[PDB]
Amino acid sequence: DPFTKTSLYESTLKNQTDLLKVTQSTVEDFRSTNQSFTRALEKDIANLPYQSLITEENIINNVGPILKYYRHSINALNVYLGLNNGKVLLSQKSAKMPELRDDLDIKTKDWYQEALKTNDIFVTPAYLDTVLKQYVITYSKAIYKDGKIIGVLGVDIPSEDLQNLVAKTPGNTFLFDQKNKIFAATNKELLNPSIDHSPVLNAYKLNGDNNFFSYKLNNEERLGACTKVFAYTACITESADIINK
């Protein structure tokens, strides 16, 4: 009876919409927590007197402890300050104090370049950190003291941390990165690189953010929706058995 099928469709749409929104929130809260942390660290570095910032030895001794404590507070992988001479003061997970490194090619990096092109925090796509060889998301920020550039702050957070948060959420939810490659999922099988996601991705392009759609898998009907969340695409799908059976 159409009345009953409509009531089941409306219910499951609501439920699945809610669950999609939980995954969206997870991504938003991960980002904003890292941004706030990065902003706080900027403020504490820029608060230092100029004298503490204008020789490399003073940067080591005065900025280094701040990087280390901040790193520990959030269990970041790397926290660092890159200078215009190409050196970077690096606090890395491993208890030796932070050291100035001249070998990390920092002006070639997008976290460095892009921080100098915006007054905001820059957020990288996930990429393989050169130092610890883990996949990270980097938050970077050009630090200025009274208009004068001190250097570019960077904070590397393992991308696994966001993957793990997403996976824990309820519902059959998943994320794609900017390249429409699968990035995270509640059901770990979706992460197989050989899975074709065109049906979902195509139905999302046709329907738009948060607009619920029908599609087929192995001749069976499924329901889903996606929405953009920053550069990511977040999706949920389920079997259409709830409305058909």
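Note that residue numbering follows the sequence shown and begins at 1.
Is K145 a gap in at least one third of the other compared entries? No, modelled in all of them.
Any chance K96 is unbuilt in a third or more of the other entries we compared? That residue is missing from at least a third of the other compared entries.
If I compare the deposited sequence with the modelled residues, how many are absent between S94 and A95: none, 1 to 3, 4 to 9, or 10 or more? The entry has 1 to 3 unmodelled residues between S94 and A95.
Regarding 33-41 and 53-61, which shows the higher C-alpha temperature factor on average in the entry? So the stretch with the higher mean C-alpha B-factor is 53-61.
Stretch exceeding the other in mean C-alpha B-factor - 109-117, 136-144: On average, C-alpha B-factors are higher across 109-117.
Using the B-factors in the PDB entry, rank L48's C-alpha atom against the chain and give the third, lowest, middle or highest. Middle third of the chain for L48's C-alpha B-factor.
Lowest, middle or highest third: where is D177 by C-alpha B factor in its chain? CA B-factor rank for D177: middle third.
Comparing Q16 with the other modelled residues of its chain, is its CA B-factor in the lowest, middle or highest third? As the PDB entry reports it, the C-alpha B-factor of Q16 lands in the middle third of its chain.
Place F183 in the lowest, middle or highest third of its chain's C-alpha B-factors, as listed in the PDB entry. As the PDB entry reports it, the C-alpha B-factor of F183 lands in the middle third of its chain.
Going by the entry, which third of its chain does the Cα temperature factor of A231 land in? Its C-alpha B-factor belongs to the highest third of this chain's values.
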